[PDB]
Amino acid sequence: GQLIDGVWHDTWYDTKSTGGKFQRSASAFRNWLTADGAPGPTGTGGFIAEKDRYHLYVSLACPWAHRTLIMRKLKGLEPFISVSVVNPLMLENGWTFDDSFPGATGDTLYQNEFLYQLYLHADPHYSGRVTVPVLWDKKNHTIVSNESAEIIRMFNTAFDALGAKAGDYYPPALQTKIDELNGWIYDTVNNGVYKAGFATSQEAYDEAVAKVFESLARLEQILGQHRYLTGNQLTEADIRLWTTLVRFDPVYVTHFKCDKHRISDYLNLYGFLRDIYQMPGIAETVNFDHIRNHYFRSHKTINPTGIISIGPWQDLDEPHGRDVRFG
C-alpha cells in the first residue's frame, strides 16, 4: 500500500525506514467535527456540523469503517452524511473505486479511481497508509478525520442540535467502564485475531490464539450477567466488539485459524450478536460478500489460492430473548 509523496508505492512501502515516520503525515487527519466549529482536542476548527457538507468513504469489509456506518444509522445521520463504498478487493492499488461488485458504489463524489486520489487531493505530499473510513469535507475538499474511534464520537454528539436521534453511546456515567473495555478488547481481541491470523511462528500463533479464547470466555460471563457489556444500555464498546464478532465465523474462524469455538457455540455472545444484528437499520450495514471476498482474496500471503471457504453455518435472524431475559 502506502503513499510516499506520493507516489503510491505498490508495495515498496518502502525502501526500509532510513527516513522516516510516515511521517509528518502521521498526524495528518485528526480534526473534529463539532456543534459550533471550534477545534476539538486535536487538529484545527472550521468543521462545524451541518447538512450537505460531510461525506463517508467506507469499505463494507473493514470493521473500523463498519462502526461509522452503524453509528450513522443509530444516530439518524443519513440526512447529513452521504456515503461511498470502495470495492472489497484490495490489491496492489489498495482500496479502489471499481464498481463492478454489487454494493460497491464507485466514488460518488469525484469519480476518482483509487481512494489514494482522495487522499492526494487533500494533500498532494502525503506520506502514510491509505485507509477507510474517511470522513470527507465536501466544502473544503479535504479530510476531516480518518480515525474511526474519533469519527464515532463526532457522530455521537456533533449533530445533536441539528436533529440527530437522541442517543449517547459514550455517556459520562459509563465512560470509564467503556474505556477499560475498549482497551481490553482492542488488545486481546480485535487485534489478537490479527496477530493469530498473520503470525509467522507457532509460538506467536499460539499465544495470540489463546488470548482470543480467554477473552471470549470472559465476555461470555459478562454478557451472561446483563444485556450489553456495561449493563442494559448499548454503548460504543458493544458496537466495537460486535463488528469483530460479526466477522468471526465468516472469516476469522477458518481464515485466521481462530478455530477452537465458533461464536454460535457461546449462548450469550451469539445472542448479543443477533440482538444487535436485529436492531432496525443495522442488518443492512452488513454485507457478507464484501467481508468474505475482501479477507479471503486480499491476503495472498495467508491464503495463496484465494479460495473462499464455504463458511460456518448460521442464521442471525433467529429470535434471542435478550430483551426479556434480563434483567
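Numbering starts at 1 and runs along the sequence shown.
In the other compared entries of this protein that model both flanking residues, residue 9 has coordinates in every one, well short of a third left out. Notably, residue 313 is never a gap: all other compared entries of this protein, restricted to those modelling both its neighbours, have coordinates for it, so the one-third criterion is not met. Taking the mean C-alpha B-factor of each stretch as recorded, 52 to 60 and 265 to 273 are not equal, and the higher mean is that of 52 to 60. Relative to one another, 74 to 82 and 200 to 208 have unequal mean CA B-factors, and 200 to 208 is the one with the higher figure. Of the residues listed, 215, 157, 142, 100, the entry assigns the biggest Cα temperature factor to 100. Reading the B-factor column for the CA atoms of 253, 237, 222, 90 in the entry, the top value corresponds to 90. Residue 147: CA B factor in the lowest third of modelled residues in this chain (values from the PDB entry). Ranked within its chain, residue 302 lands in the highest third, by CA B factor from the PDB record. Split the chain's modelled residues into thirds by C-alpha temperature factor. Residue 242 is in the lowest one.
Residue 136: CA B factor lies in the middle third for its chain, per the PDB record. When the modelled residues of the chain are ordered by their C-alpha B factor, residue 106 lands in the middle third.
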